[PDB]
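Those protein sequence lines, which keep their order, are chains W and G. Numbers given in the UniProt record's numbering equal positions in the first sequence, counted from 1, plus 43. Numbers given in the UniProt record's numbering equal positions in the second sequence, counted from 1, plus 43. Beneath this line is the structure, given in structure tokens, with notes to follow.
Number of protein chains: 2
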Amino acid sequence: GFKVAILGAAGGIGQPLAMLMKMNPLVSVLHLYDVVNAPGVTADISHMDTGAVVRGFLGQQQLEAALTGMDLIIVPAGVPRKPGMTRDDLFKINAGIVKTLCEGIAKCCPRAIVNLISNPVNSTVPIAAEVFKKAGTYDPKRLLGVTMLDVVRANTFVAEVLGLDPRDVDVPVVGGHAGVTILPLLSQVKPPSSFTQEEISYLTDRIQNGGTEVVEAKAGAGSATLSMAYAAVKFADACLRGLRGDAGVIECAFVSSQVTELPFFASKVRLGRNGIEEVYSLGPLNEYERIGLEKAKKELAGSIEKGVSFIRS
Amino acid sequence: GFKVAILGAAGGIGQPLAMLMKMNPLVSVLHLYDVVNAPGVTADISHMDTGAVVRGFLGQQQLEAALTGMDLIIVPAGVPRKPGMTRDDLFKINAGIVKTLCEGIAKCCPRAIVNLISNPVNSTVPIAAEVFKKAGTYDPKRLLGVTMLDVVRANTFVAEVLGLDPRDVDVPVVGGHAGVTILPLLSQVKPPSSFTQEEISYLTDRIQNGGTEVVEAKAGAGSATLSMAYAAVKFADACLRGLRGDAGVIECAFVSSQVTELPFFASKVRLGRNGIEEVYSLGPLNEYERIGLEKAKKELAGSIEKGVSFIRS
């Protein structure tokens, strides 16, 4: 099977994500890396009677060992939103975190597929891209910003509205990973379905604010962790099945693309043996989505620039 | 499918356990109860595009609503304590919690299958039994102490020693769920295997101190949560396949039994439509195991009594 490393394995997302990856039959080696508590999480996980062999890595000094020979790097690494935290003080911190980790990835496994979860994806994926570019290891086929939880939420909220089982629903979601950059293409839902105007609006707003919804429900003390781990693993699994060589593995991801005038954009991508085999275009949008698409590009562009400039300085 | 409630869902174990249950296809309704943060975990869990419908419940005043109509109650409820333990101040606190929660179970769903995880199982399962008896809802076919993590650990450690994939290993573990009361029947390992004396001893000791191993790795700040959730779900699933009507569902669990002179003991049990369909005896033991069994019985009786007397006062 494949080798997977999780950077930030001891955090809220990291831990449950490590547990699911540990259970995945396609994983043969699992590396858990963090700057704190990695040994502990690692012991816990290690008792699981599943195929993957797990090892833990603690501190910057051990980052390289964790990344080496990996097929897939999953990066939920990042710091908690607080209160005190602005949304920038945060960016500053996470941007640094991503930068550091990416420099590590650039050095130790240029050909590993990277699943970047570190918030804000809209900026951190471009940050990652710059780092890789500034290191000559940039392969746009291999950098994926995880937008899967957007899709997950979409499927769940649409299924409830449609009274269907979420497992029988698929909603393409494109654009970016934050606020109005998240653009659920309700017009492309499967199974074919009809939504009232209020439904489209409720659905779109709710899918765009899913994170905030959990944050508030956790009374500011925490943000989504479990649904995130679950989404991250569903996505990682698709990447592994792609690496395995399965045909038709398609998922939405925030990637380097030429689908729009923006350098990064989330849209459906086919996952194969070398990462992205094909970035699909948006497909037919209705008027509501075209307008949404415009709102998203506007915010996305600055978000993309904040990240590019973060590194290009 | 089935209705499942998790008492203590916002805790260390609870959250990841809730996540996994949410993903279990036999679960149709998932109730998540706690005295704190239930709303937040539930919101998080609800975004998952899986069949199970999840609802949250916060505080004693909502306990009854959480238990009503459940097919399976999974009770990881309990406090951690960490610094100034005793395991006897803990016991006091958790015996309390178990009592309260069991009283509630006695009232709202006498026929639900109960998976009790609250530490110390060796005592809390008898406490639970007492409560159910003292309320006339005691069905010994429906109270199971989850000892699965013991089996999980065993499978994993034995597999490592035999250089096998843990998935192809099975180790019956009997007796109790703590220290020397945990008796791994290495002589009954499948696939048939041979161990050196030192291996028998290393494996036995390590399986008995598994929890301590994690607690220590966690530098005292926490104990096994992920492998526990993983083990608990594995077990809850077997209970559900039993309920479903599947043939041959066998798992070890700490239960009311007449296998030994002790009232409660862990051994393979067959799970069916009514909970325990059959408690298997220990099967052939070797000398080492008969001695082991003797150590176990002595410590277990006291632990069983500490439980009983707690209630019978």
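In this text, a Cβ means the ideal position worked out from N, Cα and C, and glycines have one as well.
- Identification of chain G residues near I88 (chain W) by a Cβ-Cβ cut-off of 9 Å yields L269, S270, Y273, ordered along the chain.
- Per DSSP, the unbroken beta strand (DSSP E) holding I49 (chain G) starts and ends at 45-50.
- Annotation: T247 (chain G) has no Cβ neighbours in chain W at a cutoff of 7 Å; minimum Cβ distance is about 15 Å.
- Assigned with DSSP and collapsed to three states, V97 (chain G) falls in strand.
- For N198 (chain G), the uninterrupted alpha helix (DSSP H) segment begins and ends at 191-204.
- For the pair of segments examined, the stretch 45-59 of chain G was found to touch the stretch 50-65 of chain W: the number of CB pairs separated by less than 8 Å reaches three.
- Within its own chain, the residues whose Cβ lies closer than 7 Å to the Cβ of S266 (chain W), once the five positions on either side in sequence are excluded, are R124, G254, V257, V258, listed in chain order.
- At a C-beta separation below 7 Å, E256 (chain W) has these neighbours in chain G: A86.
- DSSP links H74 (chain W) through a beta bridge to W:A48, W:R98.
- For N198 (chain G), the chain W residues whose C-beta falls within less than 7 Å of its own C-beta are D92, listed in chain order.
- With respect to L110 (chain W), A81 (chain W) sits apart: the two C-beta atoms are not nearer than 8 Å.
- Chain-ordered listing is empty here: chain W has no CB closer than 9 Å to the CB of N329 (chain G), the nearest sitting near 23 Å.
- The C-alpha of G222 (chain W) lies about 41 Å from the C-alpha of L144 (chain G).
- Shown here for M113 (chain W): same chain residues with a beta carbon closer than 7 Å to its own, the five before and five after excluded, namely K46, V47, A48, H74, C152, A155 in chain order.
- Counting only runs of 4 or more residues that sit fully inside the stretch 128-200 of chain W, the alpha helix (DSSP H) segments are 132-151, 164-176, in chain order.
- For the stretch 288-328 of chain W, there is no continuous alpha helix (DSSP H) assignment of 4+ residues that stays within its boundaries.
- In this structure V312 (chain G) touches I293 (chain G) by the C-beta definition: roughly 7 Å separates them, less than 8 Å.
- Identification of chain W residues near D132 (chain G) by a Cβ-Cβ cut-off of 9 Å yields none; the smallest Cβ-Cβ distance measures about 23 Å.
- Taking CB atoms only, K176 (chain W) has no neighbour in chain G less than 8 Å away.
- Closer than 8 Å to the CB of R210 (chain W) there is at least one CB belonging to chain G.
- Using a CB distance cut-off of 8 Å, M66 (chain W) counts as an interface residue toward chain G.
- Per the C-alpha coordinates, the member of G:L106, G:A108, G:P163 positioned closest to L133 (chain G) is G:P163.
- Listed in chain order, the non-local C-beta contacts of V351 (chain G) below 7 Å within the same chain comprise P169, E173, local neighbours out to five positions each way being set aside.
- Under the DSSP assignment, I56 (chain W) falls outside any beta strand (DSSP E); it carries neither an H nor an E label.
- Cβ contact annotation for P235 (chain W) (same chain, cutoff 7 Å, sequence separation greater than five): none.
- Residues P126 of the same chain have their beta carbon placed closer than 7 Å to that of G263 (chain W), with the five preceding and five following residues left out of the count.
- Taking the C-beta atoms as reference points, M191 (chain G) is found no nearer than 8 Å to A309 (chain G).
- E107 (chain G) is positioned such that its CB atom lies closer than 8 Å to that of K150 (chain G).
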